[PDB]
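Structure first, commentary second.
In our numbering, the protein residues as written are 1151 to 1234.
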């Protein structure tokens, strides 16, 4: 039977349950990365105190982004267009 043997991580599987937050997301993405799994807070001692997961609110360099990286480069290159 398929679905019990063909189990593989989905599309954008590290950062898909990450909520959009502008504050300390990595600890907020990991707060909901392990909430969708169903683990309650009492069943995790220090495993859920200070954890981190990659978020969709952080770009690769590491600065807390809001709009995606293709729309942030476009936020700079649209402000250096003089009249030709």
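We put the CB at the ideal spot given by N, CA and C, even for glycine.
- Message: Pairs of beta-carbons, one from the stretch 1189-1196 and one from the stretch 1210-1225, closer than 8 Å: are there three or more?
- Response: no
- Candidates 1185, 1234 and 1153, of which the one nearest residue 1166 by Cα: 1185
- Item | Helix, strand or coil at residue 1189 according to DSSP, with G and I counted as helix | coil
- DSSP beta-bridge partners for residue 1208? 1214
- Query: From residue 1196 to residue 1183, what does the alpha carbon distance come to, in whole angstroms?
  - Reply: 16 Å
- Query: Can you tell which of 1232, 1203 and 1220 has the C-alpha that lies nearest to the C-alpha of residue 1163?
  - Reply: 1203
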